[PDB]
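Have a look at the structure below, then the notes.
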Amino acid sequence: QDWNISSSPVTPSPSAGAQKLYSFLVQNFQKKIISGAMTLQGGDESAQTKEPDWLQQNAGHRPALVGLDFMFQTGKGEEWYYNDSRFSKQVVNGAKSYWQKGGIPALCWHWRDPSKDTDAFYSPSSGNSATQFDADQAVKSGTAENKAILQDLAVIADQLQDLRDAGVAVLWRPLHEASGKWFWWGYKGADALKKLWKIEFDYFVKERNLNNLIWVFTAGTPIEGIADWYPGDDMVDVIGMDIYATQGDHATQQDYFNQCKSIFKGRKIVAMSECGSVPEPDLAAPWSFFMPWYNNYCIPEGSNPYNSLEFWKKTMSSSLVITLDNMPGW
Ligand SMILES: *[C@@]1(O[C@H]2[C@H](O)[C@@H](O)[C@H](O[C@H]3[C@H](O)[C@@H](O)[C@H](O[C@H]4[C@H](O)[C@H](O)[C@@H](O)O[C@@H]4CO)O[C@@H]3CO)O[C@@H]2CO)O[C@H](CO)[C@@H](O)[C@H](O)[C@H]1O
Ligand SMILES: OC[C@H]1O[C@@H](O[C@H]2[C@H](O)[C@H](O)[C@@H](O)O[C@@H]2CO)[C@H](O)[C@@H](O)[C@@H]1O
Ligand SMILES: [Mg+2]
Ligand SMILES: [Mg+2]
Ligand code: NA
Ligand code: NA
C-alpha cells in the first residue's frame with residue numbers, strides 16, 4: 001500500500017516557519033530519523049536543558065528535537081509557576097531558544113483539571129490521584145466545564161501566539177494518550193475526545209490565528225480501536241505513538257509502525273512521540289522522530305538503563321539519525 005502524504009500541513013496559510021518545519025519532516029520521512037529528548041519543566045532553571053546537554057557532552061551531539069510541557073501554565077495551586085517571571089515564560093523561552101539554534105520544539109500539555117477543584121490531570125481509572133472533570137460536559141456550549149476549558153485554552157494560546165510572533169513553529173501534541181483513558185480528556189471515550197480536539201483546533205487555528213503549529217495526534221498505546229478516536233485528516237499532521245517497551249529493549253517496534261501506516265491509510269507521517277528505550281534506527285521502521293521521556297528515561301542510570309551511554313553514542317553518530325548539527329537553520 002502506497003504512502004499518500006500531503007506536502008502542506010492542515011493549517012490554512014501556515015507560517016513560513018511551520019511550512020519549513022513540515023516540509024523538513026516530509027522530505028526526511030522514510031530516509032532519516034530525527035533524534036529527540038523530553039525535558040522536565042518546573043522550578044529548576046538549571047535542569048531545563050539537562051537531557052540535551054547530557055547528550056552533547058556524552059554522545060557528541062544535541063538532539064534535533066526538544067520536548068516541553070505546559071503542565072504548570074494553568075491549574076489549581078500552580079501560581080508559583082505561571083505568575084513568576086522566572087517560570088511564566090519557561091516553555092516559550094525554551095522553544096524559542098531551541099528553534100533559534102535550528103532545532104524542533106515539540107510541545108505537549110498535561111492539562112490540569114480545568115475546574116481548579118483539584119490540580120490533577122489523571123482520571124478516575126488511572127490509579128492515581130484524580131480529577132472528576134467531565135470531558136462530555138466540557139464539549140457542550142454553556143456548561144461550567146466548557147467555560148473552564150476555554151479559559152485555559154486562552155492562556156495556552158497566548159503562549160503559542162508569543163511563539164507565532166517570534167517566527168517559531170512547533171510540533172503541538174495536545175490531548176495525548178487519550179485512548180488509555182488515564183487522563184481526563186480521554187476518560188469519557190472517543191466522542192468527547194474528538195469534540196475537544198475540534199474545539200481546540202478551531203479556537204487555536206481560526207479564532208486565534210495560530211498558524212505556526214504542526215498537529216500531532218497520539219494514536220496509542222493502546223492502539224486498539226484508535227480509528228474511532230481519530231479527529232480526521234483535516235486536523236492532524238502527524239501520527240505519534242507513545243510506546244514504553246521493557247526497560248532496555250531497543251526493538252524497532254516495526255509492527256506498531258506498520259499499523260499506523262495501515263490504520264491511517266498512509267496519509268500521515270508516523271513518529272515515536274514518546275518512548276523509554278529508543279527504537280533502534282532502522283529504515284524498515286523509520287519513525288519520523290523519537291523522544292524518550294525525561295530524567296532516567298534519557299540519561300542512563302543503573303545496570304540496565306533505558307538508553308545506555310553506548311547506545312546513545314551509536315545512535316547519535318549514525319548516518320540515519322538527524323541531530324541538531326544536521327539541521328539547516330530555519
Ligand atoms: C511545587 O510542587 C511541584 C513539585 O515541586 C514538582 O516536583 C512537581 O512535579 C511533578 C508534577 O506535578 C507531575 O505532574 C509530574 O507528572 C509526571 C508523571 O509523574 C510522569 O513522569 C509522566 O506522566 O509525566 C508527568 C508530567 O510531567 O511529575 C512531576 C515530578 O517529576 O509538581 C508540583 C506542583 O504540581 O514546587 C515548586 C518549586 O519548588 C514550589 O514553589 C511549589 O510551592 C510546589 O507546590
Ligand atoms: O522532491 C524530490 C522528490 O521527492 C519525492 O518524495 C520523497 C519524500 O520527499 C521523502 O524524501 C521520502 O518520503 O521519499 C520520497 C521518495 O524519494 C517525490 O515523490 C518526488 O516526486 C520528488 O521529485
Ligand atoms: Mg472530519
Ligand atoms: Mg537491523
Ligand atoms: Na497497544
Ligand atoms: Na550506561
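Every chain in the C-alpha cells takes a letter, A first, then B, and so on in the order presented; its residues are numbered from 1, and the ligands are numbered from 1 following the presented order.
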query: Taking the backbone alone, and naming residues the way the document does, which bits of region 124-288 of chain A are alpha helix (DSSP H) by DSSP, as a PyMOL selection string?
result: chain A and resi 135-138+144-165+184-187+190-201+254-263
Using N, CA and C atoms, can you write the selected residues to a file as a compact mmCIF listing (two decimals), in the first residue's frame?
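Ended up saving to again.txt:
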```
# COMPACT_ATOMS: atom_id res chain seq x y z
N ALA A 135 -15.23 15.44 30.56
CA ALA A 135 -15.00 15.88 29.18
C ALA A 135 -16.28 16.01 28.37
N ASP A 136 -17.26 15.14 28.63
CA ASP A 136 -18.54 15.20 27.92
C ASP A 136 -19.26 16.51 28.19
N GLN A 137 -19.13 17.02 29.41
CA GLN A 137 -19.67 18.33 29.73
C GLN A 137 -18.83 19.48 29.18
N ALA A 138 -17.51 19.28 29.13
CA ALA A 138 -16.62 20.32 28.66
C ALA A 138 -16.85 20.68 27.21
N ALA A 144 -20.37 24.97 32.84
CA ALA A 144 -19.23 25.39 33.63
C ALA A 144 -17.93 24.79 33.10
N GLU A 145 -17.98 23.52 32.71
CA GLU A 145 -16.78 22.84 32.21
C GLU A 145 -16.31 23.48 30.90
N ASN A 146 -17.25 23.83 30.03
CA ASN A 146 -16.92 24.48 28.78
C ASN A 146 -16.27 25.84 29.00
N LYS A 147 -16.82 26.64 29.90
CA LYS A 147 -16.23 27.92 30.23
C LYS A 147 -14.78 27.74 30.73
N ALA A 148 -14.59 26.73 31.57
CA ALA A 148 -13.26 26.43 32.18
C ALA A 148 -12.27 26.04 31.10
N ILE A 149 -12.61 25.13 30.20
CA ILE A 149 -11.60 24.79 29.18
C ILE A 149 -11.26 25.97 28.29
N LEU A 150 -12.23 26.82 27.97
CA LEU A 150 -11.97 27.95 27.12
C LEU A 150 -11.07 28.99 27.81
N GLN A 151 -11.20 29.15 29.12
CA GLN A 151 -10.29 30.00 29.88
C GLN A 151 -8.87 29.46 29.79
N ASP A 152 -8.70 28.17 30.01
CA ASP A 152 -7.36 27.59 29.96
C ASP A 152 -6.77 27.64 28.53
N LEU A 153 -7.59 27.34 27.53
CA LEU A 153 -7.15 27.42 26.14
C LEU A 153 -6.66 28.82 25.79
N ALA A 154 -7.30 29.87 26.31
CA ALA A 154 -6.82 31.23 26.05
C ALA A 154 -5.43 31.46 26.60
N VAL A 155 -5.13 30.92 27.77
CA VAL A 155 -3.81 31.08 28.37
C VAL A 155 -2.74 30.40 27.52
N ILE A 156 -3.00 29.18 27.08
CA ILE A 156 -2.03 28.48 26.28
C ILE A 156 -1.89 29.14 24.91
N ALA A 157 -3.00 29.58 24.34
CA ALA A 157 -2.94 30.29 23.06
C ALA A 157 -2.10 31.54 23.17
N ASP A 158 -2.15 32.24 24.30
CA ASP A 158 -1.31 33.42 24.47
C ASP A 158 0.17 33.03 24.35
N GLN A 159 0.55 31.89 24.89
CA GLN A 159 1.93 31.44 24.83
C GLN A 159 2.31 31.07 23.41
N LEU A 160 1.43 30.33 22.76
CA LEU A 160 1.69 29.93 21.38
C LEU A 160 1.72 31.15 20.42
N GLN A 161 0.94 32.18 20.73
CA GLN A 161 0.93 33.43 19.97
C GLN A 161 2.26 34.16 20.13
N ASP A 162 2.83 34.16 21.33
CA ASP A 162 4.18 34.70 21.56
C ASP A 162 5.16 33.98 20.62
N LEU A 163 5.10 32.65 20.54
CA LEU A 163 5.92 31.91 19.61
C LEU A 163 5.65 32.28 18.16
N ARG A 164 4.38 32.37 17.78
CA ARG A 164 4.00 32.76 16.43
C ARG A 164 4.64 34.11 16.05
N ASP A 165 4.55 35.06 16.94
CA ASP A 165 5.01 36.42 16.64
C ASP A 165 6.52 36.47 16.60
N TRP A 184 -8.05 12.93 31.93
CA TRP A 184 -9.46 13.26 31.92
C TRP A 184 -9.98 13.45 30.49
N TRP A 185 -9.13 13.89 29.56
CA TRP A 185 -9.58 14.20 28.18
C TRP A 185 -9.93 12.97 27.37
N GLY A 186 -9.40 11.81 27.74
CA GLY A 186 -9.78 10.56 27.10
C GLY A 186 -10.70 9.69 27.93
N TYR A 187 -10.95 10.09 29.17
CA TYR A 187 -11.65 9.24 30.13
C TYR A 187 -13.10 8.95 29.72
N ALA A 190 -14.00 8.23 22.94
CA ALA A 190 -13.70 8.85 21.64
C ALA A 190 -14.53 10.07 21.33
N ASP A 191 -15.81 10.03 21.68
CA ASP A 191 -16.70 11.10 21.27
C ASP A 191 -16.25 12.44 21.87
N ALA A 192 -16.07 12.50 23.19
CA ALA A 192 -15.65 13.74 23.79
C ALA A 192 -14.25 14.14 23.32
N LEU A 193 -13.37 13.16 23.11
CA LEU A 193 -12.01 13.46 22.67
C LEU A 193 -12.02 14.19 21.35
N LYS A 194 -12.76 13.67 20.39
CA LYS A 194 -12.85 14.32 19.08
C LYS A 194 -13.50 15.69 19.17
N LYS A 195 -14.52 15.85 20.00
CA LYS A 195 -15.15 17.15 20.15
C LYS A 195 -14.23 18.14 20.82
N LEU A 196 -13.42 17.68 21.78
CA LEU A 196 -12.40 18.54 22.39
C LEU A 196 -11.33 18.95 21.39
N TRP A 197 -10.89 18.02 20.56
CA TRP A 197 -9.88 18.32 19.55
C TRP A 197 -10.40 19.42 18.64
N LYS A 198 -11.65 19.28 18.17
CA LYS A 198 -12.23 20.28 17.29
C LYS A 198 -12.34 21.65 17.99
N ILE A 199 -12.79 21.67 19.24
CA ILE A 199 -12.87 22.93 19.97
C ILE A 199 -11.50 23.60 20.02
N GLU A 200 -10.47 22.82 20.37
CA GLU A 200 -9.12 23.39 20.44
C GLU A 200 -8.58 23.79 19.10
N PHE A 201 -8.75 22.93 18.09
CA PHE A 201 -8.25 23.23 16.75
C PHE A 201 -8.87 24.49 16.18
N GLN A 254 8.47 -2.26 14.83
CA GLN A 254 8.03 -2.35 13.45
C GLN A 254 6.53 -2.53 13.30
N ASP A 255 5.95 -3.40 14.10
CA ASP A 255 4.53 -3.71 13.94
C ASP A 255 3.65 -2.50 14.25
N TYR A 256 3.99 -1.74 15.30
CA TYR A 256 3.24 -0.53 15.56
C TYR A 256 3.40 0.49 14.43
N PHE A 257 4.62 0.61 13.89
CA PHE A 257 4.84 1.49 12.74
C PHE A 257 3.90 1.10 11.58
N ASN A 258 3.88 -0.19 11.26
CA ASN A 258 3.07 -0.70 10.15
C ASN A 258 1.60 -0.48 10.41
N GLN A 259 1.18 -0.65 11.65
CA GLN A 259 -0.22 -0.42 11.99
C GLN A 259 -0.61 1.04 11.79
N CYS A 260 0.26 1.98 12.17
CA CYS A 260 -0.06 3.38 11.94
C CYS A 260 -0.12 3.71 10.44
N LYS A 261 0.76 3.10 9.64
CA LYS A 261 0.65 3.26 8.20
C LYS A 261 -0.69 2.74 7.68
N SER A 262 -1.09 1.56 8.11
CA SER A 262 -2.35 0.95 7.63
C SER A 262 -3.61 1.65 8.13
N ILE A 263 -3.69 1.86 9.44
CA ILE A 263 -4.88 2.47 10.02
C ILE A 263 -5.16 3.83 9.42
```
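For ligand 5, the neighbouring polymer residues at 12 Å or closer are residues 177, 179, 180, 218, 219, 220, 221, 222, 223, 224, 225, 226, 241, 242, 243, 244, 245, 253, 255, 256, 257, 259 and 260 of chain A, only C-alpha atoms and all ligand atoms being used.
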message: Could you list, as a VMD selection string, every residue within 10 Å of region 77-87 of chain A, counting only C-alpha atoms and ignoring same-chain residues fewer than 4 positions away?
response: chain A and resid 41 to 45 70 to 73 91 to 93 112 116 118 to 119 155
Could you take the residues named above and write them with C-alpha atoms, as a PDB file, in the first residue's frame?
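That gives us out-v1.pdb:
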```pdb
ATOM      1  CA  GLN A  41       9.509  21.817  33.330  1.00  0.00           C
ATOM      2  CA  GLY A  42       9.077  23.369  36.778  1.00  0.00           C
ATOM      3  CA  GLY A  43      11.092  25.450  39.193  1.00  0.00           C
ATOM      4  CA  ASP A  44      14.585  24.176  38.227  1.00  0.00           C
ATOM      5  CA  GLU A  45      16.142  26.611  35.726  1.00  0.00           C
ATOM      6  CA  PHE A  70       2.666  23.418  29.534  1.00  0.00           C
ATOM      7  CA  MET A  71       1.541  21.347  32.586  1.00  0.00           C
ATOM      8  CA  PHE A  72       2.273  24.155  35.093  1.00  0.00           C
ATOM      9  CA  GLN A  73       0.981  27.032  32.929  1.00  0.00           C
ATOM     10  CA  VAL A  91       8.087  26.991  27.829  1.00  0.00           C
ATOM     11  CA  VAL A  92       8.086  29.881  25.294  1.00  0.00           C
ATOM     12  CA  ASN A  93      11.734  30.665  26.011  1.00  0.00           C
ATOM     13  CA  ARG A 112      -4.692  20.093  34.912  1.00  0.00           C
ATOM     14  CA  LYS A 116      -9.494  24.049  39.504  1.00  0.00           C
ATOM     15  CA  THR A 118      -8.034  19.640  42.036  1.00  0.00           C
ATOM     16  CA  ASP A 119      -4.616  20.076  40.429  1.00  0.00           C
ATOM     17  CA  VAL A 155      -3.812  31.080  28.372  1.00  0.00           C
TER      18      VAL A 155
END
```
query: Can you list every residue in region 9-151 of chain A that DSSP puts in strand (DSSP E or B), as a PyMOL selection string?
result: chain A and resi 33-34+36-38+63+65-69+104-108+122
Those residues with N, CA and C atoms, as a PDB file, in the first residue's frame please?
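What landed in again.pdb:
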```
ATOM      1  N   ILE A  33      15.894   9.561  10.637  1.00  0.00           N
ATOM      2  CA  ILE A  33      15.154   9.518  11.893  1.00  0.00           C
ATOM      3  C   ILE A  33      15.659  10.669  12.730  1.00  0.00           C
ATOM      4  N   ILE A  34      14.745  11.552  13.142  1.00  0.00           N
ATOM      5  CA  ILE A  34      15.107  12.754  13.914  1.00  0.00           C
ATOM      6  C   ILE A  34      15.210  12.417  15.407  1.00  0.00           C
ATOM      7  N   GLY A  36      15.404  13.120  19.422  1.00  0.00           N
ATOM      8  CA  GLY A  36      14.688  14.000  20.332  1.00  0.00           C
ATOM      9  C   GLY A  36      14.955  13.655  21.779  1.00  0.00           C
ATOM     10  N   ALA A  37      14.590  14.580  22.667  1.00  0.00           N
ATOM     11  CA  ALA A  37      14.595  14.300  24.102  1.00  0.00           C
ATOM     12  C   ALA A  37      13.602  15.199  24.807  1.00  0.00           C
ATOM     13  N   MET A  38      12.868  14.635  25.757  1.00  0.00           N
ATOM     14  CA  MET A  38      11.991  15.412  26.611  1.00  0.00           C
ATOM     15  C   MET A  38      12.765  16.053  27.741  1.00  0.00           C
ATOM     16  N   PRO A  63      20.158  16.494  20.532  1.00  0.00           N
ATOM     17  CA  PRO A  63      19.043  16.042  19.721  1.00  0.00           C
ATOM     18  C   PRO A  63      18.510  17.159  18.861  1.00  0.00           C
ATOM     19  N   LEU A  65      15.350  17.603  18.202  1.00  0.00           N
ATOM     20  CA  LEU A  65      14.026  17.913  18.779  1.00  0.00           C
ATOM     21  C   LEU A  65      14.125  17.950  20.315  1.00  0.00           C
ATOM     22  N   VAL A  66      13.476  18.922  20.922  1.00  0.00           N
ATOM     23  CA  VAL A  66      13.368  19.022  22.369  1.00  0.00           C
ATOM     24  C   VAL A  66      11.912  19.046  22.753  1.00  0.00           C
ATOM     25  N   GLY A  67      11.585  18.323  23.794  1.00  0.00           N
ATOM     26  CA  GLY A  67      10.211  18.293  24.308  1.00  0.00           C
ATOM     27  C   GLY A  67       9.978  19.186  25.518  1.00  0.00           C
ATOM     28  N   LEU A  68       8.856  19.898  25.511  1.00  0.00           N
ATOM     29  CA  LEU A  68       8.442  20.811  26.587  1.00  0.00           C
ATOM     30  C   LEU A  68       6.948  20.622  26.829  1.00  0.00           C
ATOM     31  N   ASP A  69       6.506  20.949  28.037  1.00  0.00           N
ATOM     32  CA  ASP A  69       5.138  20.681  28.501  1.00  0.00           C
ATOM     33  C   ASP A  69       4.584  21.892  29.232  1.00  0.00           C
ATOM     34  N   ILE A 104      13.863  21.614  16.731  1.00  0.00           N
ATOM     35  CA  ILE A 104      12.415  21.437  16.644  1.00  0.00           C
ATOM     36  C   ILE A 104      11.813  21.396  18.054  1.00  0.00           C
ATOM     37  N   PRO A 105      11.048  22.422  18.451  1.00  0.00           N
ATOM     38  CA  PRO A 105      10.332  22.308  19.724  1.00  0.00           C
ATOM     39  C   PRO A 105       9.109  21.417  19.561  1.00  0.00           C
ATOM     40  N   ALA A 106       8.937  20.459  20.466  1.00  0.00           N
ATOM     41  CA  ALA A 106       7.777  19.551  20.470  1.00  0.00           C
ATOM     42  C   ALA A 106       7.059  19.805  21.798  1.00  0.00           C
ATOM     43  N   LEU A 107       5.897  20.445  21.731  1.00  0.00           N
ATOM     44  CA  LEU A 107       5.138  20.853  22.909  1.00  0.00           C
ATOM     45  C   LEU A 107       3.946  19.927  23.153  1.00  0.00           C
ATOM     46  N   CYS A 108       3.719  19.613  24.418  1.00  0.00           N
ATOM     47  CA  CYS A 108       2.531  18.906  24.877  1.00  0.00           C
ATOM     48  C   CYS A 108       2.006  19.609  26.098  1.00  0.00           C
ATOM     49  N   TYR A 122      -4.766  13.323  35.887  1.00  0.00           N
ATOM     50  CA  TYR A 122      -5.141  11.916  35.878  1.00  0.00           C
ATOM     51  C   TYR A 122      -6.626  11.696  36.110  1.00  0.00           C
TER      52      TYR A 122
END
```
field: Protein and nucleic residues near ligand 4, 10 Å, only C-alpha atoms and all ligand atoms, as a VMD selection string
entry: chain A and resid 251 to 252 280 to 285
Counting only C-alpha atoms and all ligand atoms, what are the residues, protein, DNA or RNA alike, that approach ligand 2 to within 9 Å? I want them as a compact mmCIF listing (two decimals) with C-alpha atoms, in the first residue's frame.
```
# COMPACT_ATOMS: atom_id res chain seq x y z
CA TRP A 3 2.12 6.39 1.10
CA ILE A 5 1.22 12.35 2.47
CA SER A 7 3.13 18.34 1.10
CA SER A 23 8.49 20.22 4.67
CA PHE A 24 11.57 19.14 6.67
CA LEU A 25 9.51 16.32 8.21
CA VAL A 26 8.03 15.30 4.83
CA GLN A 27 11.36 15.32 3.00
CA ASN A 28 13.19 13.33 5.69
CA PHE A 29 10.42 10.87 6.47
CA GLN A 30 11.48 7.31 5.48
CA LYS A 31 15.09 8.39 4.88
CA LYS A 32 16.27 9.60 8.27
```
- prompt: So which residues are near ligand 3, meaning at most 8 Å away with only C-alpha atoms and all ligand atoms counted, given back as a ChimeraX atom specification?
  reply: /A:231-235
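Nearest to ligand 6 of all the residues A:238, A:213, A:169, A:59 is A:59, based on only C-alpha atoms and all ligand atoms.
Each of A:111, A:290, A:22, A:121 was compared to residue 182 (chain A) using only C-alpha atoms, and A:121 turns out to be the nearest.
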message: Can you tell me which residues surround region 15-18 of chain A at a distance of at most 7 Å, considering only C-alpha atoms, apart from same-chain residues fewer than 2 positions away, and format the answer as a list in words?
response: residues 13, 20, 21, 22, 167, 168, 169, 211, 212, 213, 214 and 330 of chain A
For chain A against ligand 6, with a cut-off of 12 Å and counting only C-alpha atoms and all ligand atoms, what is the closest atom pair and its distance in Å to one decimal for every residue that makes the cut, ordered by chain and number, as a Markdown table?
```
| residue | atom | partner | partner_atom_place_in_ligand_line | distance |
| --- | --- | --- | --- | --- |
| A:58 | CA | ligand 6 | 1 (Na) | 10.4 |
| A:59 | CA | ligand 6 | 1 (Na) | 11.4 |
| A:248 | CA | ligand 6 | 1 (Na) | 10.6 |
| A:296 | CA | ligand 6 | 1 (Na) | 10.7 |
| A:297 | CA | ligand 6 | 1 (Na) | 11.7 |
| A:298 | CA | ligand 6 | 1 (Na) | 10.5 |
| A:299 | CA | ligand 6 | 1 (Na) | 8.4 |
| A:300 | CA | ligand 6 | 1 (Na) | 5.3 |
| A:301 | CA | ligand 6 | 1 (Na) | 6.6 |
| A:302 | CA | ligand 6 | 1 (Na) | 7.2 |
| A:303 | CA | ligand 6 | 1 (Na) | 7.1 |
| A:304 | CA | ligand 6 | 1 (Na) | 7.8 |
| A:305 | CA | ligand 6 | 1 (Na) | 6.2 |
| A:306 | CA | ligand 6 | 1 (Na) | 8.8 |
| A:307 | CA | ligand 6 | 1 (Na) | 7.2 |
| A:308 | CA | ligand 6 | 1 (Na) | 3.8 |
| A:309 | CA | ligand 6 | 1 (Na) | 4.3 |
| A:310 | CA | ligand 6 | 1 (Na) | 6.4 |
| A:311 | CA | ligand 6 | 1 (Na) | 8.1 |
| A:312 | CA | ligand 6 | 1 (Na) | 8.9 |
| A:313 | CA | ligand 6 | 1 (Na) | 10.3 |
```
Please, could you write that set of residues out with N, CA, C and O atoms as a short mmCIF file (atom, residue, chain, number, x, y, z; two decimals), in the first residue's frame?
```
data_model
loop_
_atom_site.label_atom_id
_atom_site.label_comp_id
_atom_site.auth_asym_id
_atom_site.auth_seq_id
_atom_site.Cartn_x
_atom_site.Cartn_y
_atom_site.Cartn_z
N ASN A 58 28.13 13.75 26.19
CA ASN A 58 28.39 12.31 26.26
C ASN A 58 28.30 11.58 24.94
O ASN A 58 29.00 10.58 24.72
N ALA A 59 27.41 12.03 24.06
CA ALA A 59 27.23 11.40 22.76
C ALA A 59 27.70 12.27 21.61
O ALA A 59 27.67 11.84 20.44
N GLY A 248 15.25 -1.20 28.58
CA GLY A 248 16.44 -1.69 27.89
C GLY A 248 16.20 -2.33 26.53
O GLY A 248 17.15 -2.71 25.85
N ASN A 296 15.65 9.62 33.94
CA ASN A 296 16.29 8.33 33.74
C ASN A 296 15.89 7.64 32.43
O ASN A 296 16.52 6.68 31.98
N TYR A 297 14.79 8.09 31.84
CA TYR A 297 14.37 7.53 30.56
C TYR A 297 15.31 7.96 29.44
O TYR A 297 15.40 7.30 28.42
N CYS A 298 16.04 9.06 29.66
CA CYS A 298 17.05 9.55 28.72
C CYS A 298 18.46 9.35 29.26
O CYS A 298 19.26 8.60 28.68
N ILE A 299 18.78 10.01 30.37
CA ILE A 299 20.12 9.93 30.95
C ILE A 299 20.22 8.61 31.70
O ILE A 299 19.45 8.35 32.62
N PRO A 300 21.17 7.75 31.33
CA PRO A 300 21.17 6.40 31.90
C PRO A 300 21.48 6.34 33.39
O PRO A 300 22.33 7.10 33.89
N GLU A 301 20.83 5.39 34.05
CA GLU A 301 21.05 5.10 35.45
C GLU A 301 21.06 3.60 35.60
O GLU A 301 20.27 2.89 34.97
N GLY A 302 21.95 3.09 36.44
CA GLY A 302 21.92 1.67 36.81
C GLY A 302 22.53 0.75 35.79
O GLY A 302 23.17 1.17 34.83
N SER A 303 22.32 -0.55 36.01
CA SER A 303 22.95 -1.57 35.21
C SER A 303 22.12 -1.98 34.00
O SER A 303 22.64 -2.65 33.11
N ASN A 304 20.84 -1.58 33.95
CA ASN A 304 20.00 -1.87 32.79
C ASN A 304 19.30 -0.58 32.38
O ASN A 304 18.07 -0.50 32.42
N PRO A 305 20.08 0.44 32.02
CA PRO A 305 19.44 1.72 31.71
C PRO A 305 18.50 1.65 30.51
O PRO A 305 18.66 0.85 29.59
N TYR A 306 17.54 2.56 30.49
CA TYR A 306 16.66 2.68 29.31
C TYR A 306 17.46 2.92 28.04
O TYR A 306 17.22 2.26 27.00
N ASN A 307 18.39 3.87 28.10
CA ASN A 307 19.22 4.25 26.95
C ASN A 307 20.63 4.43 27.45
O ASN A 307 20.96 5.48 27.99
N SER A 308 21.44 3.41 27.26
CA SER A 308 22.80 3.41 27.80
C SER A 308 23.68 4.44 27.09
O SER A 308 23.38 4.89 25.97
N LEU A 309 24.81 4.77 27.70
CA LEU A 309 25.79 5.61 27.07
C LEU A 309 26.22 5.02 25.73
O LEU A 309 26.32 5.72 24.74
N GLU A 310 26.50 3.73 25.71
CA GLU A 310 26.96 3.14 24.46
C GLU A 310 25.86 3.17 23.39
O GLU A 310 26.16 3.45 22.24
N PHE A 311 24.61 2.97 23.77
CA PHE A 311 23.51 3.09 22.83
C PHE A 311 23.41 4.50 22.29
O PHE A 311 23.29 4.71 21.07
N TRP A 312 23.50 5.48 23.18
CA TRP A 312 23.42 6.85 22.71
C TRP A 312 24.57 7.25 21.78
O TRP A 312 24.38 7.96 20.80
N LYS A 313 25.79 6.81 22.10
CA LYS A 313 26.93 7.16 21.25
C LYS A 313 26.75 6.61 19.85
O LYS A 313 27.03 7.30 18.86
#
```
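Nearest-residue note for residue 178 (chain A): choosing from A:123, A:315, A:88, A:128, the minimum distance belongs to A:123, counting only C-alpha atoms.
Put simply, CA of residue 204 (chain A) is 28.9 Å away from atom 2 (O, counted along the ligand's line) of ligand 1.
Take the candidates A:57, A:317, A:4, A:35 and check each one against residue 275 (chain A) using only C-alpha atoms; the shortest distance goes to A:35.
Closest approach to ligand 1 from the set A:264, A:183, A:98, A:133 is made by A:183, with distances taken over only C-alpha atoms and all ligand atoms.
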